[PDB]
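Inspection log for the structure reproduced underneath, given as structure tokens.
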Amino acid sequence: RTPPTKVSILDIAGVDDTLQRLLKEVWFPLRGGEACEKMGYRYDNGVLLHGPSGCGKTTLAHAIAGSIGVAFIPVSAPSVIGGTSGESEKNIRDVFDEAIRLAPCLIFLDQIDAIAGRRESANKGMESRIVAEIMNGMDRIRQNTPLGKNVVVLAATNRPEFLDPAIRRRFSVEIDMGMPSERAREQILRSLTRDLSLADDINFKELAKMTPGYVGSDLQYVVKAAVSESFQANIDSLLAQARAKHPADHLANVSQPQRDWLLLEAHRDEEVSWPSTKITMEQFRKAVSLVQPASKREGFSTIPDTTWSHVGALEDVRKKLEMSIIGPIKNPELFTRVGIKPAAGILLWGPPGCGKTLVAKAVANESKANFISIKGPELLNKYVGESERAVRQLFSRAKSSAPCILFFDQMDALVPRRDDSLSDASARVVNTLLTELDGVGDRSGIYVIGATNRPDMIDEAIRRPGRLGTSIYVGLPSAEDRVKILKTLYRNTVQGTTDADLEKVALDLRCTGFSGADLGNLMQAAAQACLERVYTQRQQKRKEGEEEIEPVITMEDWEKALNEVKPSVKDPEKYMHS
Amino acid sequence: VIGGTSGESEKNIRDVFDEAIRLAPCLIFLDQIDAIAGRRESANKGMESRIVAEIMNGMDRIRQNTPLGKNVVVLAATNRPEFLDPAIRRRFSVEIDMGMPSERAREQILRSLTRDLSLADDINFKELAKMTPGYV
Amino acid sequence: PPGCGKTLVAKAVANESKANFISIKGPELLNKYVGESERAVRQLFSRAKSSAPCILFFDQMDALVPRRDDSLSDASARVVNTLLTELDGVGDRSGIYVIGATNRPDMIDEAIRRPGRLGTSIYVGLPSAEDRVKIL
Amino acid sequence: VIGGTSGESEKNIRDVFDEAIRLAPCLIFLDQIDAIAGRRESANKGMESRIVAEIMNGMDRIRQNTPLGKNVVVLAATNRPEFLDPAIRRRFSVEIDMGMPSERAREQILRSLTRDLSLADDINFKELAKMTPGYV
Ligand SMILES: Nc1ncnc2c1ncn2[C@@H]1O[C@H](COP(=O)(O)OP(=O)(O)OP(=O)(O)O)[C@@H](O)[C@H]1O
Ligand SMILES: Nc1ncnc2c1ncn2[C@@H]1O[C@H](COP(=O)(O)OP(=O)(O)OP(=O)(O)O)[C@@H](O)[C@H]1O
Ligand SMILES: Nc1ncnc2c1ncn2[C@@H]1O[C@H](COP(=O)(O)OP(=O)(O)OP(=O)(O)O)[C@@H](O)[C@H]1O
């Protein structure tokens, strides 16, 4: 005999719509058994729960059992497997036999991909036999049902693709336990906080709002993180106290962590009373900063220290970018009220080294959003079915977590291989990419940025609206802009700043025919010439006559460097026309 | 037809064909054939390829015995012709396409299901069937 | 031109005839398998044949058709040849009318353009005032 | 002959040859040989090359045993000679070309089949054969 367990039903929240559906399907057959028997109509047999790990699949099942008050038969993935080749099958039979005999009951199959995976992926004669046993059992239930047998088979899996298509057909009802909403997260936070003494400054609503792609397990951890952060005060107190009881002078210290450890080791049997303190909103923010879960293994590239102050000029472009990306992320209220859908993607095109890569990062930084950079051919594999699968995976990861900027550097590699016939592998990848782009427009958060030094050979299909429609040109031909760039570069030095010198340098003819990369090089060249002057002068004086070093840079150094240096890019006609 | 040990499956296929040829007139019905005989290139198992071979051998045996007084017709049902091995496709001669279900057919199916239910007078199964395009 | 209402015109014709309509768009045809692509195309025509009158619509044909004038691969060659074969077959029996649409006409094989296949080349545009007000 | 584990395949080949040499007179028929013994350069698997080796070993064993009273002839059928490994080609001595059925050949085949039927006087098998292009 196996009676039900006592689990809290008030623990799970944020699953309003899904729980309602589950109720409808499970309540009628289990609770009103006499009614269903009289009518003669047939009901729901199998309920499959899917979604990521730690989503509360096992808990939901346990809760449902306890709440209804029916008999719970837990079937875990390795619980039925025996030693001899026959005991496993015998046990499966006994499980189903006892289950049909005693009613009402709930059979729960936790982690089903370990028992019934694809029969083509299993070359063993035992695994295929087990799948067959399950099928046979399912049929037996269906036949017995009109008498008074009431058993519902619940099941939980982490991946639907690994399951055998045959068992998928057998199971009729499916519930997706995915990613929660703002309201849902708020509820989860309250459930966890329930046993804690929160301060008045804590607003769970604010936490929930500023918590984008976090799951039930993640929120659980954020609460735990806060607990550890608060108890740092007690650690400091103990350290001071220990250094007074056992001084040990300066013999116990070589470093800081080691000395702390040693003091505690000496104490051992010393019991201390811990005061119950309340948590602040500041402690939660600190805890949040140190958390990185769920989509941590994705390959999340951290945002650099690049701001708008690092980019000289391009003020028009800055404003346009703010509208498109920062507009929807920071002000969702504004967009919903006016009536327009949020963006999908932009394309940065123009001459090399003009700040395209920088702009992408800068925008990501500003928005305080996530950033992923895939450059040129970082997709392709040696196998026949991995490149396409990988692309699919990227979009799946992006869909799961948002806000994020997906950056594709040098699209000049993948896109031109369409207009002229070359390969089959390249064809499959680009077609999958087009497919993935089309399959996303509603439920944004993921903004795709593309960059290319060559706008020439690219397929018009990719350019079409809904895919990468906003074509932003990054070029450089004006005087005012150059002065701003010079100031921006010479801003990051640390007396003598000299503004007048910067303007004059910009005015010169040689400077007119330059680019961002060229100006950077000029600055470096000037610095090198200055070093030569400092070295020659200092060595002569020290040897003949130790003095001080002068890092100052005058105009003579700039003038000499300017005379020598020549431009990189020659013809702008190629970029503009094509 | 699938068993536990690597040999019982093949033995059963033989027994099925043997009893079938012995007793006549009969109709052998192979329901869902893509699970037994899929493409031999897509099956990396040594048992699956062996089963396809057993079916082929059985087919030949029937052809030889036939002029005596053996009358057996092999019916088969599949959901997808692409998944079937081109070899077995060649063996089978007659093909019938049971396509898109009709208005009349849907009406009949609805009646079969409703049979145990107490329907009201305002319900017109004919109207339901008409406004039900691509449902199976 | 791109986005002139090709889909709308196609539906209007189909609706008026009170006939069936099937729409297969560009890359929503391609699979990972090799020998299944040709069998799938055969299946589409078989389904269309079974339920006639029907209009078979192919949106954005710029993908499949240009891979003839220049030697790319073997897979693309088989698919296009099967398509040409399927088109030639349907003409006397009829009931199934194939409509193709593309925003780009340049690189296309003249063989597909020949009368009896996709021979009737109709040029479409969008320059009307009344329509623009409705869109706004 | 192919099994599940890496060894059962080879064991079976041995058993086939062993039983065959023991019992005489017999005819061993290898149907579709390019699937078992293809070119060893085109097969990057360590199992396929090993199987070709097993066949070669078996062939030698027969030659040695022969002067006692062992009478076994190995027949084989293939669709393409170019796909076969040059090594096995050398082992095999006699070759028969079963070519394309011409107008004359088709006429003969028709007669073979009609043999048990009561044909009318208006039937000219010669006319049928003439107007039957690519039939096997
Ligand atoms: N939605 C949720 N609400 C509240 N608590 C949750 C939720 N999801 C998980 N938890 C906490 O995390 C624990 C793990 O839940 P559970 O084991 O049911 O997840 P799961 O999806 O079944 O994981 P797996 O399928 O990998 O076993 C629970 O004991 C619970 O305390
Ligand atoms: N406006 C700018 N401000 C600061 N640095 C710049 C600017 N433009 C170019 N650079 C310098 O050029 C380098 C490359 O910039 P970025 O990669 O963004 O240019 P790009 O247009 O992507 O061309 P490419 O990557 O092909 O060189 C950076 O390391 C940066 O120091
Ligand atoms: N996704 C859609 N599919 C079909 N019709 C649409 C769609 N969106 C809008 N419409 C209708 O068509 C008109 C807008 O025309 P639109 O510019 O979308 O060209 P279309 O040919 O209809 O769409 P598409 O170019 O995507 O095929 C509107 O009056 C609207 O009622």
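Order determines the names: the first chain of the structure tokens is A, the second B, and so forth; residues in each chain are numbered 1 upward, and ligands are numbered 1 upward as they are shown.
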Could you give me, as a tab-separated table, a per-residue list for chain A showing, wherever an atom lies at most 12 Å from an atom of ligand 3, the closest pair of atoms and their distance in Å to one decimal, using only C-alpha atoms and all ligand atoms and sorting by chain then residue number from low to high?
residue	atom	partner	partner_atom_place_in_ligand_line	distance
A:438	CA	ligand 3	26 (O)	11.1
A:441	CA	ligand 3	1 (N)	11.2
A:464	CA	ligand 3	25 (O)	10.7
A:465	CA	ligand 3	26 (O)	9.7
A:466	CA	ligand 3	26 (O)	9.6
Go ahead and save the residues from that selection, with N, CA and C atoms, as a short mmCIF file (atom, residue, chain, number, x, y, z; two decimals), in the first residue's frame.
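Printed below is again.cif as written:
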data_model
loop_
_atom_site.label_atom_id
_atom_site.label_comp_id
_atom_site.auth_asym_id
_atom_site.auth_seq_id
_atom_site.Cartn_x
_atom_site.Cartn_y
_atom_site.Cartn_z
N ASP A 438 12.21 35.12 -39.94
CA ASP A 438 10.76 35.21 -40.22
C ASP A 438 9.92 34.77 -39.01
N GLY A 441 8.86 38.16 -34.54
CA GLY A 441 8.40 39.53 -34.78
C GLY A 441 7.64 40.02 -33.56
N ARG A 464 15.13 42.63 -46.87
CA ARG A 464 13.67 42.78 -46.74
C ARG A 464 13.15 43.08 -45.31
N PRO A 465 12.16 44.00 -45.17
CA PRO A 465 11.57 44.37 -43.87
C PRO A 465 10.97 43.18 -43.10
N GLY A 466 11.31 43.11 -41.81
CA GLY A 466 10.86 42.02 -40.96
C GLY A 466 12.08 41.21 -40.54
#
Could the residues of chain D within 12 Å of chain A, counting only C-alpha atoms, be given as a ChimeraX atom specification, please? /D:3-5
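Once chain D has been superposed on chain B by least squares across all Cα atoms, the two differ by an RMSD of 2.4 Å.
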Report as a PyMOL selection string all protein, DNA and RNA residues lying within 7 Å of segment 449-451 of chain A, evaluated on only C-alpha atoms, omitting residues in the same chain fewer than 4 positions from it. chain A and resi 345-349+356+406-411
N, CA, C and O atoms of the current selection, written as a short mmCIF file (atom, residue, chain, number, x, y, z; two decimals), in the first residue's frame:
data_model
loop_
_atom_site.label_atom_id
_atom_site.label_comp_id
_atom_site.auth_asym_id
_atom_site.auth_seq_id
_atom_site.Cartn_x
_atom_site.Cartn_y
_atom_site.Cartn_z
N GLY A 345 15.67 44.41 -36.03
CA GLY A 345 17.08 44.52 -36.36
C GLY A 345 17.58 45.66 -37.22
O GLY A 345 16.82 46.27 -37.98
N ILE A 346 18.88 45.93 -37.09
CA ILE A 346 19.56 47.00 -37.84
C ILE A 346 20.84 46.49 -38.52
O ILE A 346 21.43 45.48 -38.11
N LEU A 347 21.26 47.20 -39.57
CA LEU A 347 22.48 46.87 -40.31
C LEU A 347 23.44 48.06 -40.36
O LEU A 347 23.06 49.16 -40.79
N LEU A 348 24.66 47.83 -39.89
CA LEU A 348 25.71 48.84 -39.90
C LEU A 348 26.62 48.53 -41.08
O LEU A 348 27.20 47.45 -41.16
N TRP A 349 26.69 49.46 -42.03
CA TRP A 349 27.52 49.27 -43.21
C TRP A 349 28.37 50.48 -43.59
O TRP A 349 27.96 51.63 -43.37
N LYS A 356 31.86 50.52 -36.07
CA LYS A 356 30.67 49.66 -36.17
C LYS A 356 30.54 48.68 -34.99
O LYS A 356 29.49 48.61 -34.35
N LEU A 406 21.84 40.67 -30.16
CA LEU A 406 22.55 39.62 -30.88
C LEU A 406 23.30 40.29 -32.02
O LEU A 406 22.70 40.83 -32.95
N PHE A 407 24.62 40.28 -31.92
CA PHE A 407 25.49 40.91 -32.91
C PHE A 407 26.19 39.94 -33.85
O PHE A 407 26.85 38.99 -33.43
N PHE A 408 26.03 40.21 -35.14
CA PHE A 408 26.64 39.44 -36.21
C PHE A 408 27.66 40.31 -36.93
O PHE A 408 27.29 41.17 -37.75
N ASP A 409 28.94 40.05 -36.66
CA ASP A 409 30.03 40.81 -37.26
C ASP A 409 30.49 40.12 -38.53
O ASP A 409 30.65 38.90 -38.57
N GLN A 410 30.70 40.93 -39.57
CA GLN A 410 31.12 40.50 -40.90
C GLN A 410 30.17 39.49 -41.55
O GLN A 410 30.47 38.29 -41.67
N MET A 411 28.99 39.99 -41.90
CA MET A 411 27.96 39.20 -42.56
C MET A 411 28.31 39.03 -44.04
O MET A 411 27.63 38.33 -44.78
#
Filtered DSSP result for segment 8-121 of chain D, state alpha helix (DSSP H), as a PyMOL selection string: chain D and resi 8-22+48-65+86-91+103-114
Using only C-alpha atoms, please write the residues we just selected to a file, as a JSON list (two decimals), in the first residue's frame.
[["chain", "number", "residue", "atom", "x", "y", "z"],
["D", 8, "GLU", "CA", 28.95, -11.91, -35.01],
["D", 9, "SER", "CA", 29.08, -10.84, -38.70],
["D", 10, "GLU", "CA", 32.48, -12.49, -39.25],
["D", 11, "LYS", "CA", 31.49, -15.62, -37.25],
["D", 12, "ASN", "CA", 28.43, -16.06, -39.52],
["D", 13, "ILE", "CA", 30.53, -15.76, -42.73],
["D", 14, "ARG", "CA", 32.83, -18.52, -41.36],
["D", 15, "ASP", "CA", 29.84, -20.78, -40.46],
["D", 16, "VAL", "CA", 28.31, -20.28, -43.96],
["D", 17, "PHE", "CA", 31.55, -21.41, -45.67],
["D", 18, "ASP", "CA", 32.15, -24.22, -43.10],
["D", 19, "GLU", "CA", 28.67, -25.79, -43.51],
["D", 20, "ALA", "CA", 28.86, -25.27, -47.30],
["D", 21, "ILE", "CA", 32.19, -27.14, -47.72],
["D", 22, "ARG", "CA", 30.99, -29.94, -45.37],
["D", 48, "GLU", "CA", 33.74, -3.29, -43.87],
["D", 49, "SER", "CA", 37.43, -3.92, -44.71],
["D", 50, "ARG", "CA", 37.42, -6.83, -42.22],
["D", 51, "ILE", "CA", 34.40, -8.42, -43.97],
["D", 52, "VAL", "CA", 36.17, -8.29, -47.40],
["D", 53, "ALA", "CA", 39.13, -10.06, -45.74],
["D", 54, "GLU", "CA", 36.82, -12.81, -44.35],
["D", 55, "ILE", "CA", 35.47, -13.51, -47.87],
["D", 56, "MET", "CA", 39.04, -13.77, -49.28],
["D", 57, "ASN", "CA", 40.08, -16.23, -46.52],
["D", 58, "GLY", "CA", 36.98, -18.37, -47.22],
["D", 59, "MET", "CA", 37.77, -18.49, -50.98],
["D", 60, "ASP", "CA", 41.29, -19.85, -50.27],
["D", 61, "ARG", "CA", 39.96, -22.56, -47.87],
["D", 62, "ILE", "CA", 37.66, -23.92, -50.62],
["D", 63, "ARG", "CA", 40.58, -24.16, -53.13],
["D", 64, "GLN", "CA", 42.68, -26.25, -50.67],
["D", 65, "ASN", "CA", 39.86, -28.68, -49.70],
["D", 86, "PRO", "CA", 39.33, -4.86, -57.90],
["D", 87, "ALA", "CA", 40.65, -7.49, -55.45],
["D", 88, "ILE", "CA", 37.44, -9.63, -55.44],
["D", 89, "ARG", "CA", 37.13, -9.16, -59.25],
["D", 90, "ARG", "CA", 40.50, -10.97, -59.61],
["D", 91, "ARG", "CA", 39.31, -13.82, -57.31],
["D", 103, "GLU", "CA", 12.91, -6.06, -79.56],
["D", 104, "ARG", "CA", 13.73, -9.74, -80.21],
["D", 105, "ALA", "CA", 14.30, -10.45, -76.49],
["D", 106, "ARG", "CA", 10.97, -8.84, -75.44],
["D", 107, "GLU", "CA", 9.16, -10.99, -78.08],
["D", 108, "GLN", "CA", 10.72, -14.10, -76.50],
["D", 109, "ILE", "CA", 9.78, -13.02, -72.92],
["D", 110, "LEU", "CA", 6.15, -12.39, -74.05],
["D", 111, "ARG", "CA", 6.01, -15.93, -75.51],
["D", 112, "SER", "CA", 7.32, -17.44, -72.22],
["D", 113, "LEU", "CA", 4.56, -15.74, -70.18],
["D", 114, "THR", "CA", 1.74, -16.37, -72.70]]
Can I get the residues close to ligand 1 as a PyMOL selection string, where close means within 6 Å and we count only C-alpha atoms and all ligand atoms? chain A and resi 11-13+53-59+188+216-217
Output the selection as a compact mmCIF listing (two decimals), in the first residue's frame - N, CA and C atoms for each residue.
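What follows is the written file result36.txt:
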# COMPACT_ATOMS: atom_id res chain seq x y z
N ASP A 11 2.67 26.82 -2.07
CA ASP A 11 4.07 27.07 -2.42
C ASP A 11 4.28 27.43 -3.90
N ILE A 12 3.49 26.83 -4.79
CA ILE A 12 3.59 27.08 -6.23
C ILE A 12 2.63 28.18 -6.67
N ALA A 13 3.16 29.14 -7.43
CA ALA A 13 2.39 30.28 -7.94
C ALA A 13 2.98 30.79 -9.26
N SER A 53 14.68 22.23 -16.31
CA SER A 53 14.93 21.61 -15.01
C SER A 53 14.68 22.58 -13.85
N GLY A 54 14.13 22.05 -12.75
CA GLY A 54 13.85 22.86 -11.57
C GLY A 54 12.66 23.80 -11.71
N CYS A 55 11.82 23.55 -12.72
CA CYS A 55 10.63 24.37 -12.99
C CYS A 55 9.43 24.04 -12.11
N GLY A 56 9.62 23.05 -11.22
CA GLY A 56 8.57 22.65 -10.31
C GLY A 56 7.64 21.58 -10.83
N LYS A 57 8.14 20.73 -11.72
CA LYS A 57 7.36 19.65 -12.31
C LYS A 57 7.04 18.56 -11.28
N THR A 58 8.08 18.14 -10.55
CA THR A 58 7.97 17.11 -9.50
C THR A 58 7.09 17.61 -8.35
N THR A 59 7.29 18.87 -7.95
CA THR A 59 6.53 19.50 -6.88
C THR A 59 5.03 19.65 -7.21
N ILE A 188 5.90 34.46 -6.75
CA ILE A 188 6.96 33.52 -6.36
C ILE A 188 7.82 34.13 -5.24
N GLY A 216 11.67 30.12 -11.52
CA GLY A 216 11.29 29.83 -10.14
C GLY A 216 12.44 29.44 -9.23
N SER A 217 13.37 28.67 -9.81
CA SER A 217 14.58 28.23 -9.12
C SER A 217 15.55 29.40 -8.90
Surrounding residues of segment 35-39 of chain C excluding itself and chain neighbours under 6 positions, 12 Å, only C-alpha atoms, as an MDAnalysis selection string: (chainID B and resid 39 41:42 80:86) or (chainID C and resid 29 45:46 74:86)
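Interface residues of chain C facing chain B, defined by any atom at most 12 Å away and using only C-alpha atoms, are residues 20, 21, 33, 34, 35, 36, 37, 38, 39, 40, 41, 42, 43, 44, 46, 47, 48, 49, 50, 51 and 52 of chain C.
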Of the candidates C:7, C:23, C:15, C:102, which one gets nearest to chain A if we count only C-alpha atoms? C:102
Selection near segment 106-108 of chain C, 10 Å with only C-alpha atoms, sequence-local residues under 2 positions removed, as an MDAnalysis selection string: (chainID A and resid 419) or (chainID C and resid 61:70 103:104 110:113)
What separation in Å, quoted to one decimal, exists between atom CA of residue 294 of chain A and atom CA of residue 440 of chain A? 22.1 Å
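As for atom CA of residue 163 of chain A and atom CA of residue 112 of chain A, they are spaced 7.7 Å apart.
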